[PDB]
Each structure stands twice: as structure tokens, then as C-alpha cells.
Amino acid sequence: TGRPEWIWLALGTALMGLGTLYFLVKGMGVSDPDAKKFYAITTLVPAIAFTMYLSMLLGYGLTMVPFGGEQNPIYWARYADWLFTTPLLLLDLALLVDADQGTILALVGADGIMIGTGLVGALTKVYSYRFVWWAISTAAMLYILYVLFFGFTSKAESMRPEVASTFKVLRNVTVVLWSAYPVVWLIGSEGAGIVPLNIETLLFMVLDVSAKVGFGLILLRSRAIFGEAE
Amino acid sequence: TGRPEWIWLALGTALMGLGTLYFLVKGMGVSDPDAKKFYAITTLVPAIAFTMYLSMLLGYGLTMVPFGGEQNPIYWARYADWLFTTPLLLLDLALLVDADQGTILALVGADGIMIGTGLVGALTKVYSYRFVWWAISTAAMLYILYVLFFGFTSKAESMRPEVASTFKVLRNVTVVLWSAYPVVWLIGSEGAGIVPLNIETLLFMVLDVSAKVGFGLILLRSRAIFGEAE
Amino acid sequence: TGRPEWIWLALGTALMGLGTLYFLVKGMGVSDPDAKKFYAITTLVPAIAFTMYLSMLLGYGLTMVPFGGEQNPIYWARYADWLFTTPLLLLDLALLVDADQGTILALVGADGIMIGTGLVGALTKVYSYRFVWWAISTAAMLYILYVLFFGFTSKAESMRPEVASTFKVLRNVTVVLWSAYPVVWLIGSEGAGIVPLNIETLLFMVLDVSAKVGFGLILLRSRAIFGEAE
Ligand SMILES: CCCCCCCC/C=C/CCCCCCCC(=O)OC[C@H](O)CO
Ligand SMILES: CCCCCCCC/C=C/CCCCCCCC(=O)OC[C@H](O)CO
Ligand SMILES: CCCCCCCC/C=C/CCCCCCCC(=O)OC[C@H](O)CO
Ligand SMILES: CCCCCCCC/C=C\CCCCCCCC(=O)OC[C@H](O)CO
Ligand SMILES: CCCCCCCC/C=C\CCCCCCCC(=O)OC[C@H](O)CO
Ligand SMILES: CCCCCCCC/C=C\CCCCCCCC(=O)OC[C@H](O)CO
Ligand SMILES: CCCCCCCC/C=C\CCCCCCCC(=O)OC[C@H](O)CO
Ligand SMILES: CCCCCCCC/C=C\CCCCCCCC(=O)OC[C@H](O)CO
Ligand SMILES: CCCCCCCC/C=C\CCCCCCCC(=O)OC[C@H](O)CO
Ligand SMILES: CCCCCCCC/C=C\CCCCCCCC(=O)OC[C@H](O)CO
Ligand SMILES: CCCCCCCC/C=C\CCCCCCCC(=O)OC[C@H](O)CO
Ligand SMILES: CCCCCCCC/C=C\CCCCCCCC(=O)OC[C@H](O)CO
Ligand SMILES: *C\C=C(C)/C=C/C=C(C)/C=C/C1=C(C)CCCC1(C)C
Ligand SMILES: *C\C=C(C)/C=C/C=C(C)/C=C/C1=C(C)CCCC1(C)C
Ligand SMILES: *C\C=C(C)/C=C/C=C(C)/C=C/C1=C(C)CCCC1(C)C
């Protein structure tokens, strides 16, 4: 394939596929209805990402957008991936602390705005406008992280000790992990164009694998996903 | 900007943004889980509309459709906005009367058909076919309003007095408000072409602000959104 | 209309419309909240299919895709139809056996992958890649059917006798019905090109009517949809 970033797309596809298979096997026989929910959510995430990375690898999840007087390749499939995987990851965190339905709707709604406006910015042909959308997208991200930090941390400390501790780790990972995305966008070819596309693709692949496989390995090795029973 | 309707798009963007901020502040500190749901729903609505109005203002939410032997500008972002905000508004009404899950699925499903077929009609290149889709869309709207009037009014009179009264007002507003949309479509440039695009845009902006901010001001000033407690 | 398959599109539109009307009338007056859910789900299915078949009939739900050195007409509206109707049909089956929330999320998620990857394969311009997507789509289908057969059959035998029997019939129909779809795709013009488009359209219309009207007639004539009451 005549795209230098192909190597990072192939590696990402393989790792998401292997992650999906592992979770699928690990989840066999689990009957606790609570654990079944976490396994369903956490296995679906890398299965979706697998299909999206494959679509980028084969060239389908790519388009050309003119801005800055040039044809810029844009992997729109990245955003389709995040559109579906980020709300599932939020659902994992919300179920852990038994968040109320009102707060879940707020987080998922803000997440849709986050990804939707990011996509609009990626496809926008007026260069200066691209960063208006980036700003709105990042504001929605900060609202999410505010809720996860100050909204959820209070509900967790009153819960089981294994629920409060697992959430604390997954929360710190999320804040650091989520916050890198808008930075890579700003410095890569969709934004300021300081880092070339092949390195931009590597950085998003490292982040995506950490979030869609790494995060799941941490959650599914915790005792919190099971109900307290004899 | 070289579009005469730009003024109405700028005004709509500003009003949705101001409405979102107001609701966001008003909702701070609210802890009653019932009120949290209404604030989550009712704040998300104008935040979505804000992004959609901005996308029309900057030119992204617009396309050209040939029919009647002319290039007709179509603001497809209007429909993307309604696709997400009208089911949230229905959820507000359904939660108020504690509607059963079966009736909610019917309303949301009929609402998706309503907006989906309206979009198809807006993008249809055969002029006469456009009104076939308008007719199907309007039939789905009448089903919704039938349920809100005859379906829900019975469940409300048995509920708390502040729930029955709030719903009655929001119901009358909804019937009048919702019914104007297909009329403006039919008379504006998407339909018969009697009213020019700049006035059509003004009329939809007046309606959208009434529905996405106005409606919310009425709901969130009612006692019905809180649980009965000491 | 200058497309020989138009006759099968017109017939499909009519049958979905008639099916929608029948279910709509049959459901009048039903007040049992459990039966209301099944009627809501089962009436929405053919109403969606009606709009999609109409969009194919009028030419809107069609596009041209170059592969094998030819312009191949692709009815993308088929996939939009299935995207919404197949998860509703799964919800019908899941509610019948009172499946847990974890298993429902798994089935609906796998169903979205099934249809999404099928659509990608239909729109893919590299001929050999089309069948890669077909393979992934079919694997997701087999996971669904595995769960319906081995996952759900165990939960049903412990339920009411009228619930276990109704599900058994709807399960056998589903396995045979669902499995024909990937076969028709492979042999028709989207795949190997052995069967011409007009016969391919007939076969999918026969299948769609069986699934979106036939299946519903079986379910809504069963006692299982009502709660056990005096
Ligand atoms: C988890 C255990 C494994 C840890 C692994 C962490 C890797 C994550 C970071 C990678 C960035 C790599 C940056 C590579 C930069 C190459 C770009 C380049 O060639 O820049 C020179 C240019 O030609 C002229 O300026
Ligand atoms: C809430 C408090 C404020 C209430 C505000 C309510 C406004 C809503 C209606 C506006 C329609 C305005 C119609 C303006 C018509 C102008 C079109 C025009 O110029 O038509 C003449 C044409 O050039 C030759 O026929
Ligand atoms: C439910 C009660 C009614 C049951 C009804 C079941 C119909 C389902 C199957 C139809 C396939 C029809 C196949 C028709 C084949 C025609 C194609 C043709 O013309 O092939 C010859 C070709 O020209 C040179 O090989
Ligand atoms: C000029 C201003 C323009 C408008 C601002 C930018 C809009 C997009 C950014 C962020 C989304 C904000 C969050 C949207 C969801 C709010 C939900 C909410 O208020 O939830 C309360 C509930 O009590 C919780 O549990
Ligand atoms: C509880 C549920 C809450 C759900 C909240 C969802 C909020 C989504 C809002 C805005 C993003 C809209 C993004 C739309 C991008 C479409 C781009 C597109 O397809 O454009 C066609 C073509 O490329 C160019 O005309
Ligand atoms: C809490 C998480 C927050 C996450 C969000 C943080 C956003 C701000 C970060 C960096 C912007 C730094 C400025 C980047 C713009 C540089 C523009 C430019 O011209 O760069 C030239 C280049 O440095 C040589 O060629
Ligand atoms: C020729 C006829 C063509 C077909 C007709 C036009 C289809 C589109 C129009 C309206 C949607 C109708 C409503 C769809 C949802 C029905 C849900 C239902 O029946 O709900 C029963 C439940 O008991 C309630 O609580
Ligand atoms: C419980 C959930 C119930 C959900 C019920 C949902 C019903 C939606 C049905 C029909 C509208 C379909 C509209 C599809 C419009 C797509 C147009 C498009 O993108 O066309 C591409 C291009 O512009 C031209 O080929
Ligand atoms: C309950 C809510 C129901 C809401 C839905 C109501 C729909 C019917 C309303 C108006 C149609 C009136 C006819 C409009 C068509 C006029 C066509 C035409 O040629 O108009 C010429 C013009 O008047 C001079 O140039
Ligand atoms: C190389 C391998 C590539 C990756 C494989 C192909 C991916 C797409 C195919 C099938 C989806 C599989 C099902 C996805 C959903 C799994 C849900 C789950 O594990 O559910 C457990 C729960 O306990 C249940 O009740
Ligand atoms: C609990 C919820 C779980 C939800 C699980 C959903 C999984 C969907 C995954 C992959 C399919 C993606 C298909 C995307 C197809 C878009 C094609 C398109 O519009 O392409 C534009 C143009 O035609 C060419 O660039
Ligand atoms: C449980 C449900 C499973 C459902 C999924 C079953 C998939 C496999 C079925 C058939 C493939 C048979 C081979 C088809 C490929 C034929 C290619 C070819 O060249 O055919 C030439 C033609 O026969 C003369 O011209
Ligand atoms: C795949 C898993 C995760 C957690 C992915 C998260 C992605 C983001 C947080 C992306 C955020 C963006 C922002 C905030 C600005 C516009 C561009 C992005 C969509 C990359
Ligand atoms: C933004 C809030 C509301 C309540 C918007 C409602 C929009 C409609 C009811 C639109 C209905 C249409 C019909 C009935 C006919 C096809 C064209 C429309 C989509 C405008
Ligand atoms: C309308 C109701 C049903 C049950 C439709 C089901 C459709 C499928 C099971 C289609 C499956 C496909 C596969 C498995 C392979 C790719 C192509 C298809 C989408 C046709």
C-alpha cells in the first residue's frame, strides 16, 4: 500500500482483533448478571475499533478535504469509531459507581457533541473555522472530565471498597488518556500541521489501543464488576 | 457573508448559546435525582441546536439540490438538529406523566420516521415526489400529537395536581408549536416556493427558539420536575 | 419506471404498508403494559420498511458503485432498513424470555456490526475486499444465532409454558430466515453476480416481508405477550 502510515493501521487492526478475542474467551461461562454487563460493554469496544481500523487499512475510511491549498487525507473512520466506543467507556464508569440516570444522559449527550463537532472540524474547508469546532469539542470534553472527577468521585467513596478503588484508577487513566486526543489533533495534519500524518496516525493508534484494550484489561481484572455474594 | 438569511442564523446561534448557558447555571447544585433528569434533557436540547445553527451560519450545514430547474439551497442541518432534539422533548413530556415504556418507544419511533422522511423530501430531486414525503412525515406527526393529547392527558389527571397542570400547558404549546413546522415547509423554498428563503429561515428560527429555549423555561419553572418530599 | 426490478419494489411497498395498517388497528385499545411493548415494537418494524421500500421504488435509496469494471446499482436503503428493524426484532425475542440487560447489549451491538460491515462491503470498490466484509458480517450473525439458540433457549424453558413455546417457534423461524440473507447477498449482484439484480430484489422482498410482517403475525397471535392475570 502506497501510504506510509499503513504500518500503524495494520498494527492497530491486529491489536484490536486480538483484544476482542481475548475478552470474548475470558467472558465465557460468566453468569453473574452484573459481570455480564461489563463484559458485554468491554468486549464490544475493541470489536468496533477492529472494524474501523480495518476500514482505514483497506482505504475505505479515508477521504480528501481541501484546506490550506492542498488535498489533505482525513481518516473519517476515526470519528465513527469514537462515536460508538467513547459512550460505552462512559457507561462502564457510570455503572461502576451506580450513577443516576440523569448524569448518564448528560455525559453521553456531551460525548456526542464532543465527537460530532470534532468531525465537523475535521471536514471543514475553511482553515480558521476548523479551530472553532476544536474549541467547542474540547469544552464538551472538559465538562465530561469535570463530572467524572467531581461528580462521580463522591458517589464512589460511599460504595464498596473495591468499587471506589477500581474507579479511582480508571478515572486517573481516563483524564490523562482523554486529554491527549485534542492535543494530537491540534499538532497533527488535521490542525496546525506540525507533525506529519504518519506520526499522527501512530500517536492515535497508541492512544486507541490503550483506551480500547488497555483500559478493559484493568477493569475486567477488578473485583468491582461482580456483585457481592456468598 | 453573501447570504441574506445570515442575520437570522447568527441571531439563532446566539439565542441557543445563551439559553444553554442559563440552563447550565440554573442546574448547578440540583441533587434531586428526578429534577436532574429534566435538567439534563432540557439543557442538552439547546446545546445541540447551538452547534447546528453555528454549522448553518458558517456554511457547513448547507447543500444544493436541483429541482424545479434550479439550484435550491437546503439547510440539511435543520433536520439533523430536529433528529436529536424532538425525541428529547418527547422524553420530557413522557417522564412528566410517567408514561409506560411501550408508549415511549412508539412516540420516539414515530418521531424518527417524521424527521427521516422530512429529510428525504428535502433532498428529493423529483419535485412532485417531495410532497409525497411531506405527507408521510405529517401523518407521523399527527400520530404523535394524537398520543400526546388523548394518550397522555388521561394518565396526567390521576397524577399530582402540579404534574397534571404543567403537562396541560406544555401539551397545548406542543400542539400549536409542532404543527407550524410542516406549514412553513410547505410554503417555503423546500415546498411550494411562495415564501423566499430568507423569510423561511426567520420563521424556523422563531419556532426553534420557542421550542428549544422557550419550552424549557416553562418546564424548569414548574414544581412538577421535583419529587414530592418533606 | 425503466428498472425491471420495479415490480418487486412496488409489491414490497404495498405489503409493508398493509402490514403496518393491520398491526395499527389490531393494537387499538390494548392496555396491558406488557402487550403494549410488543405491539409498539412489532408495528414500528413494517412502518420503517414501508418508507425504505418506497425510497427504493422512487429511486432515492439507490446509488451506483464501480467494481468489476461496471456501474453496479446498489440499493443502500436495504441496509438502512435492516439497521433499524433487526434490533427491534431482537428486542421482541429478548423481552419474551426476559433476557438480562447484559445479553441484550451484546446482541444489539453485534447486530450493528453485522449490518454496518455489510453496508461497507456493498459500497466497497475493490472487488476482493467486498468478501472480507461479508465474512466479518456473517461471523457477527453466527454469534447472534448462537446466543438465540444456546443463550436464550435455557432461560425460556423455566418461564411460563406459553412463553417457552412461542419463543421456540420464533427462534426456528429466525435461524432459517436470518441465514438466507448472506446467501442471497453472495449469489446476487452485490457478490458473485450469478443471479441478476431483478431476481435478487425479488428474493430480498420475499425475505423482508416474511420477517417484517410474517414474523409479527406469529408473535402477536401468541398468548405470551400478555401478563398472567385474572
Ligand atoms: C508500552 C511500552 C512501549 C512504549 C512505546 C511508546 C511509544 C509512544 C510514542 C511514540 C512517538 C515516537 C516518535 C517518533 C518520531 C519520528 C518522527 C521523525 O522521523 O522525525 C524526524 C523528522 O524526519 C525530522 O524532524
Ligand atoms: C415574542 C415577541 C416578539 C414577536 C415577534 C414575532 C415575529 C414572528 C413573525 C415574523 C414574520 C415577519 C414577516 C416579515 C415579512 C417580510 C417579507 C417581505 O419583505 O415581503 C415583501 C416582499 O418584498 C414583497 O411581497
Ligand atoms: C408463500 C406462498 C407463495 C410461495 C412463493 C415462493 C416464491 C419464492 C421464490 C422465488 C424464486 C423464483 C425464481 C424465478 C426464476 C426466474 C429467473 C429466470 O428467468 O431465469 C431464467 C434465465 O432467464 C436463464 O437462466
Ligand atoms: C456560547 C455558549 C455556547 C453553548 C455552550 C457550548 C455547548 C457545547 C459544549 C459543552 C456541552 C455542555 C454540557 C451539555 C449537557 C448539560 C447537562 C446538564 O446540565 O446536566 C445537569 C444534570 O443535573 C447533570 O447530572
Ligand atoms: C441522548 C442522545 C444525545 C445525542 C446527542 C448528539 C449530538 C450531535 C450534535 C452535533 C453533531 C452533528 C454532526 C453531523 C455530521 C454529519 C456530516 C455529514 O455526514 O456530512 C455530509 C457531507 O459529508 C457534507 O455535507
Ligand atoms: C486538560 C486537558 C486540556 C487539553 C487541551 C490543551 C490545548 C492547549 C495546548 C497546546 C496549545 C499550544 C499552541 C499550539 C499552536 C502552535 C501554532 C504554530 O504556529 O505552531 C508553530 C510550530 O510550533 C512551529 O512550526
Ligand atoms: C399505506 C400505509 C403506509 C403505512 C402508514 C404510514 C407510516 C408512517 C406514518 C406514521 C407512523 C405510525 C406510527 C408507528 C408506530 C406505531 C406504534 C404502535 O402501534 O404502538 C401501539 C402501542 O400500544 C402504543 O402505546
Ligand atoms: C427505537 C428506534 C426507532 C428508530 C426509527 C428510525 C426510523 C428511520 C426511518 C427512515 C428515515 C431514513 C432516512 C435516511 C436518510 C439518509 C440520507 C443520506 O444520507 O443520503 C446519502 C446521500 O445524501 C444520498 O444518497
Ligand atoms: C393539525 C396541524 C396540521 C398541519 C398541516 C396542514 C397542511 C395543510 C395546510 C395548508 C395547505 C394550503 C395549500 C397550499 C398549496 C398552495 C399551492 C400553490 O400553487 O399556491 C400558489 C400561491 O398560493 C400563490 O402563488
Ligand atoms: C481477528 C478477530 C477480529 C475480531 C472478531 C470479529 C469481530 C466482529 C464479529 C463478531 C462480533 C462478536 C460479538 C461482539 C460482542 C461480544 C459481547 C460479549 O462478549 O458478551 C458477553 C456477555 O456475557 C453476553 O451476555
Ligand atoms: C450499544 C450500541 C452499539 C452500536 C454498535 C455500532 C457498530 C457500528 C460499527 C461499524 C459500522 C460502521 C459503518 C459506517 C458506514 C458509513 C458509510 C458512509 O456514510 O460513507 C460515506 C461515503 O458513502 C463514503 O465515504
Ligand atoms: C448457518 C447459515 C450460514 C450462511 C452462510 C453460508 C455461506 C456459504 C454458502 C455458499 C457458498 C458456495 C460458493 C459460492 C461461490 C461461487 C463462486 C463462483 O465462481 O461461482 C460460479 C457459479 O457457480 C457459476 O457461474
Ligand atoms: C477511543 C477511546 C477514547 C476515550 C477516545 C477519545 C477521543 C477524544 C476524547 C477526542 C477528542 C477531540 C477533541 C476534544 C477535540 C476535537 C478532536 C477530537 C475528537 C480528537
Ligand atoms: C425543535 C423542536 C421541534 C418540536 C421541531 C419540530 C419539527 C417538526 C414537527 C417538523 C415536521 C415536518 C413535517 C411534519 C413534514 C416534513 C417537514 C418537517 C420535518 C418540517
Ligand atoms: C429485516 C429482518 C431481518 C431479520 C434481516 C436480516 C438481515 C441479515 C441477517 C443480513 C445479513 C448480512 C450478512 C450476514 C452478510 C453481509 C450482508 C448482509 C447484511 C445481507
# chains A, B, ... in the order shown; residues from 1 in each chain; ligands from 1

call {"tool": "residues_around", "arguments": {"residues": "region 73-84 of chain A", "least_positions_apart": "5", "cutoff": "8 Å", "atoms": "only C-alpha atoms", "output": "CSV table (one decimal) with N, CA, C and O atoms, in the first residue's frame"}}
result
chain,number,residue,atom,x,y,z
A,45,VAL,N,-16.3,-2.8,22.6
A,45,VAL,CA,-15.5,-1.6,22.3
A,45,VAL,C,-14.4,-2.0,21.3
A,45,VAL,O,-14.3,-1.4,20.2
A,48,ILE,N,-15.7,-3.0,17.7
A,48,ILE,CA,-16.0,-1.9,16.8
A,48,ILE,C,-14.7,-1.3,16.3
A,48,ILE,O,-14.5,-1.0,15.1
A,49,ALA,N,-13.7,-1.1,17.2
A,49,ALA,CA,-12.4,-0.4,16.7
A,49,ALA,C,-11.7,-1.3,15.7
A,49,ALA,O,-11.1,-0.8,14.8
A,52,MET,N,-13.2,-0.5,12.4
A,52,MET,CA,-12.9,0.8,11.9
A,52,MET,C,-11.4,0.9,11.5
A,52,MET,O,-11.1,1.5,10.4
A,53,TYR,N,-10.5,0.2,12.2
A,53,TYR,CA,-9.1,0.2,11.8
A,53,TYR,C,-8.9,-0.6,10.5
A,53,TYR,O,-8.2,-0.2,9.6
A,55,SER,N,-11.1,-0.7,8.1
A,55,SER,CA,-11.6,0.2,7.1
A,55,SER,C,-10.6,1.2,6.7
A,55,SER,O,-10.6,1.7,5.5
A,56,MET,N,-9.8,1.7,7.7
A,56,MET,CA,-8.8,2.7,7.3
A,56,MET,C,-7.6,1.9,6.6
A,56,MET,O,-7.1,2.5,5.6
A,61,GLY,N,-12.1,4.0,4.9
A,61,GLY,CA,-12.4,5.0,5.9
A,61,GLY,C,-11.6,6.3,5.8
A,61,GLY,O,-11.3,6.9,6.8
A,62,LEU,N,-11.4,6.7,4.5
A,62,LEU,CA,-10.5,7.8,4.2
A,62,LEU,C,-11.2,8.7,3.2
A,62,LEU,O,-11.9,8.2,2.3
A,63,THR,N,-10.9,10.0,3.3
A,63,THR,CA,-11.4,10.9,2.3
A,63,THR,C,-10.4,12.1,2.1
A,63,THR,O,-9.4,12.2,2.9
A,64,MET,N,-10.6,12.9,1.1
A,64,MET,CA,-9.7,14.1,0.9
A,64,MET,C,-10.5,15.3,1.2
A,64,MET,O,-11.6,15.5,0.7
A,65,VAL,N,-9.9,16.3,1.9
A,65,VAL,CA,-10.5,17.5,2.2
A,65,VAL,C,-9.6,18.7,1.8
A,65,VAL,O,-8.5,18.7,2.3
A,112,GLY,N,-21.5,12.9,22.6
A,112,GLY,CA,-21.9,13.0,21.2
A,112,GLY,C,-21.6,14.4,20.6
A,112,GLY,O,-21.1,14.5,19.5
A,115,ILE,N,-17.7,14.4,19.9
A,115,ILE,CA,-17.2,13.7,18.7
A,115,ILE,C,-17.9,14.4,17.4
A,115,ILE,O,-17.2,14.6,16.4
A,116,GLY,N,-19.1,14.7,17.5
A,116,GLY,CA,-19.8,15.3,16.3
A,116,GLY,C,-19.1,16.6,15.9
A,116,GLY,O,-18.8,16.8,14.7
A,118,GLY,N,-16.0,17.5,16.6
A,118,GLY,CA,-14.7,17.2,16.2
A,118,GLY,C,-14.7,16.7,14.7
A,118,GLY,O,-13.8,17.1,13.9
A,119,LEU,N,-15.7,15.9,14.3
A,119,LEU,CA,-15.8,15.5,12.9
A,119,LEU,C,-16.1,16.7,12.0
A,119,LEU,O,-15.5,16.8,11.0
A,122,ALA,N,-12.9,18.4,11.4
A,122,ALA,CA,-12.0,17.7,10.5
A,122,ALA,C,-12.4,17.8,9.1
A,122,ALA,O,-11.5,17.8,8.2
A,123,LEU,N,-13.7,18.0,8.8
A,123,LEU,CA,-14.2,18.1,7.4
A,123,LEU,C,-14.4,19.5,6.9
A,123,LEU,O,-14.8,19.7,5.8
A,190,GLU,N,-4.6,17.4,10.8
A,190,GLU,CA,-5.9,18.0,10.8
A,190,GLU,C,-5.9,19.4,11.4
A,190,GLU,O,-6.9,20.1,11.1

call {"tool": "residues_around", "arguments": {"residues": "region 223-228 of chain B", "least_positions_apart": "6", "cutoff": "12 Å", "atoms": "only C-alpha atoms", "output": "ChimeraX atom specification"}}
result
/B:30-42,92-98,156,159-168,170,216

call {"tool": "residues_around", "arguments": {"residues": "residue 113 (chain C)", "least_positions_apart": "4", "cutoff": "10 Å", "atoms": "only C-alpha atoms", "output": "list in words"}}
result
residues 44, 47, 48 and 51 of chain A; 83, 107, 108, 109, 117, 118, 119, 136, 137, 138, 139, 140 and 141 of chain C

call {"tool": "write_last_selection", "arguments": {"atoms": "N, CA and C atoms", "output": "PDB file, in the first residue's frame"}}
result
ATOM      1  N   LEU A  44     -17.395  -5.234  23.303  1.00  0.00           N
ATOM      2  CA  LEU A  44     -17.903  -4.550  22.117  1.00  0.00           C
ATOM      3  C   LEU A  44     -16.953  -3.454  21.664  1.00  0.00           C
ATOM      4  N   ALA A  47     -14.125  -4.643  19.394  1.00  0.00           N
ATOM      5  CA  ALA A  47     -14.678  -5.211  18.168  1.00  0.00           C
ATOM      6  C   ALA A  47     -15.060  -4.113  17.183  1.00  0.00           C
ATOM      7  N   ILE A  48     -15.664  -3.031  17.679  1.00  0.00           N
ATOM      8  CA  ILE A  48     -15.957  -1.887  16.822  1.00  0.00           C
ATOM      9  C   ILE A  48     -14.662  -1.299  16.283  1.00  0.00           C
ATOM     10  N   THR A  51     -13.151  -3.129  13.344  1.00  0.00           N
ATOM     11  CA  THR A  51     -13.735  -2.892  12.025  1.00  0.00           C
ATOM     12  C   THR A  51     -13.328  -1.532  11.484  1.00  0.00           C
TER      13      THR A  51
ATOM     14  N   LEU C  83     -30.823  -1.834   9.479  1.00  0.00           N
ATOM     15  CA  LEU C  83     -30.131  -1.228  10.615  1.00  0.00           C
ATOM     16  C   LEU C  83     -31.093  -0.972  11.760  1.00  0.00           C
ATOM     17  N   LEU C 107     -26.259  -8.501  21.955  1.00  0.00           N
ATOM     18  CA  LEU C 107     -26.951  -8.846  20.715  1.00  0.00           C
ATOM     19  C   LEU C 107     -27.113  -7.627  19.821  1.00  0.00           C
ATOM     20  N   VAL C 108     -27.556  -6.506  20.400  1.00  0.00           N
ATOM     21  CA  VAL C 108     -27.774  -5.290  19.621  1.00  0.00           C
ATOM     22  C   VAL C 108     -26.451  -4.767  19.077  1.00  0.00           C
ATOM     23  N   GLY C 109     -25.408  -4.782  19.904  1.00  0.00           N
ATOM     24  CA  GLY C 109     -24.090  -4.387  19.431  1.00  0.00           C
ATOM     25  C   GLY C 109     -23.588  -5.255  18.295  1.00  0.00           C
ATOM     26  N   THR C 117     -20.960  -3.587   8.696  1.00  0.00           N
ATOM     27  CA  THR C 117     -19.950  -4.181   7.826  1.00  0.00           C
ATOM     28  C   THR C 117     -20.556  -4.693   6.528  1.00  0.00           C
ATOM     29  N   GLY C 118     -21.812  -5.135   6.552  1.00  0.00           N
ATOM     30  CA  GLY C 118     -22.466  -5.497   5.309  1.00  0.00           C
ATOM     31  C   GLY C 118     -22.597  -4.312   4.376  1.00  0.00           C
ATOM     32  N   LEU C 119     -22.925  -3.148   4.928  1.00  0.00           N
ATOM     33  CA  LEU C 119     -23.020  -1.946   4.111  1.00  0.00           C
ATOM     34  C   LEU C 119     -21.659  -1.567   3.533  1.00  0.00           C
ATOM     35  N   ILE C 136     -16.789 -10.970   7.827  1.00  0.00           N
ATOM     36  CA  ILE C 136     -16.931 -10.386   9.159  1.00  0.00           C
ATOM     37  C   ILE C 136     -18.406 -10.247   9.521  1.00  0.00           C
ATOM     38  N   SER C 137     -19.219  -9.769   8.575  1.00  0.00           N
ATOM     39  CA  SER C 137     -20.656  -9.634   8.798  1.00  0.00           C
ATOM     40  C   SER C 137     -21.289 -10.977   9.156  1.00  0.00           C
ATOM     41  N   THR C 138     -20.928 -12.034   8.428  1.00  0.00           N
ATOM     42  CA  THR C 138     -21.524 -13.342   8.692  1.00  0.00           C
ATOM     43  C   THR C 138     -21.078 -13.896  10.041  1.00  0.00           C
ATOM     44  N   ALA C 139     -19.837 -13.626  10.454  1.00  0.00           N
ATOM     45  CA  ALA C 139     -19.398 -14.064  11.776  1.00  0.00           C
ATOM     46  C   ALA C 139     -20.220 -13.405  12.877  1.00  0.00           C
ATOM     47  N   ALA C 140     -20.484 -12.104  12.753  1.00  0.00           N
ATOM     48  CA  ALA C 140     -21.363 -11.458  13.719  1.00  0.00           C
ATOM     49  C   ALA C 140     -22.752 -12.082  13.708  1.00  0.00           C
ATOM     50  N   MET C 141     -23.243 -12.502  12.541  1.00  0.00           N
ATOM     51  CA  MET C 141     -24.564 -13.124  12.502  1.00  0.00           C
ATOM     52  C   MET C 141     -24.565 -14.437  13.271  1.00  0.00           C
TER      53      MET C 141
END

call {"tool": "select_by_dssp", "arguments": {"residues": "region 6-168 of chain C", "states": "alpha helix (DSSP H)", "output": "MDAnalysis selection string"}}
result
chainID C and resid 6:26 33:57 77:96 101:123 127:146 152:157 161:168

call {"tool": "select_by_dssp", "arguments": {"residues": "region 42-184 of chain C", "states": "strand (DSSP E)", "output": "ChimeraX atom specification"}}
result
/C:63-66,71-74

call {"tool": "write_last_selection", "arguments": {"atoms": "N, CA and C atoms", "output": "PDB file, in the first residue's frame"}}
result
ATOM      1  N   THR C  63     -27.839   3.870  -5.401  1.00  0.00           N
ATOM      2  CA  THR C  63     -26.627   4.536  -5.854  1.00  0.00           C
ATOM      3  C   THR C  63     -25.891   3.603  -6.803  1.00  0.00           C
ATOM      4  N   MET C  64     -24.850   4.130  -7.444  1.00  0.00           N
ATOM      5  CA  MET C  64     -24.013   3.367  -8.363  1.00  0.00           C
ATOM      6  C   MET C  64     -22.631   3.188  -7.747  1.00  0.00           C
ATOM      7  N   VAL C  65     -22.104   1.963  -7.795  1.00  0.00           N
ATOM      8  CA  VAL C  65     -20.797   1.647  -7.239  1.00  0.00           C
ATOM      9  C   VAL C  65     -19.956   0.966  -8.314  1.00  0.00           C
ATOM     10  N   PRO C  66     -18.787   1.497  -8.673  1.00  0.00           N
ATOM     11  CA  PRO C  66     -17.957   0.829  -9.688  1.00  0.00           C
ATOM     12  C   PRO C  66     -17.139  -0.301  -9.077  1.00  0.00           C
ATOM     13  N   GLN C  71     -20.723  -0.250 -13.701  1.00  0.00           N
ATOM     14  CA  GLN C  71     -21.541   0.531 -12.778  1.00  0.00           C
ATOM     15  C   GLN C  71     -22.610  -0.392 -12.207  1.00  0.00           C
ATOM     16  N   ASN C  72     -22.500  -0.704 -10.921  1.00  0.00           N
ATOM     17  CA  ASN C  72     -23.418  -1.643 -10.303  1.00  0.00           C
ATOM     18  C   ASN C  72     -24.414  -0.884  -9.444  1.00  0.00           C
ATOM     19  N   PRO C  73     -25.715  -0.963  -9.721  1.00  0.00           N
ATOM     20  CA  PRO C  73     -26.692  -0.328  -8.823  1.00  0.00           C
ATOM     21  C   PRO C  73     -26.741  -1.041  -7.479  1.00  0.00           C
ATOM     22  N   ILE C  74     -26.652  -0.255  -6.409  1.00  0.00           N
ATOM     23  CA  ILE C  74     -26.665  -0.749  -5.036  1.00  0.00           C
ATOM     24  C   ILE C  74     -27.800  -0.047  -4.306  1.00  0.00           C
TER      25      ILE C  74
END

call {"tool": "residues_around", "arguments": {"residues": "residue 200 (chain C)", "least_positions_apart": "5", "cutoff": "10 Å", "atoms": "only C-alpha atoms", "output": "JSON, numbers by chain"}}
result
{"C": [5, 8, 184, 185, 187, 188, 189, 190, 193, 194, 195, 205]}

call {"tool": "interface_residues", "arguments": {"of": "chain C", "to": "chain A", "cutoff": "7 Å", "atoms": "only C-alpha atoms", "output": "NGL selection string"}}
result
:C and (100-102 or 105-106 or 109)

call {"tool": "write_last_selection", "arguments": {"atoms": "N, CA and C atoms", "output": "mmCIF file, in the first residue's frame"}}
result
data_model
loop_
_atom_site.group_PDB
_atom_site.id
_atom_site.type_symbol
_atom_site.label_atom_id
_atom_site.label_comp_id
_atom_site.auth_asym_id
_atom_site.auth_seq_id
_atom_site.Cartn_x
_atom_site.Cartn_y
_atom_site.Cartn_z
ATOM 1 N N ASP C 100 -31.522 -10.785 30.301
ATOM 2 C CA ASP C 100 -30.889 -9.773 31.128
ATOM 3 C C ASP C 100 -30.299 -8.667 30.254
ATOM 4 N N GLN C 101 -30.031 -7.521 30.881
ATOM 5 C CA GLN C 101 -29.582 -6.356 30.127
ATOM 6 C C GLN C 101 -28.233 -6.596 29.460
ATOM 7 N N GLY C 102 -27.354 -7.372 30.093
ATOM 8 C CA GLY C 102 -26.051 -7.619 29.501
ATOM 9 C C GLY C 102 -26.155 -8.325 28.164
ATOM 10 N N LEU C 105 -27.503 -5.943 25.296
ATOM 11 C CA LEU C 105 -26.471 -5.068 24.751
ATOM 12 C C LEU C 105 -25.549 -5.827 23.804
ATOM 13 N N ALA C 106 -25.190 -7.065 24.151
ATOM 14 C CA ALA C 106 -24.322 -7.861 23.288
ATOM 15 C C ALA C 106 -24.980 -8.125 21.938
ATOM 16 N N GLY C 109 -25.408 -4.782 19.904
ATOM 17 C CA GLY C 109 -24.090 -4.387 19.431
ATOM 18 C C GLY C 109 -23.588 -5.255 18.295
#

call {"tool": "closest_residue", "arguments": {"among": "B:150, B:143, B:67, B:127", "to": "residue 179 (chain B)", "atoms": "only C-alpha atoms"}}
result
B:143
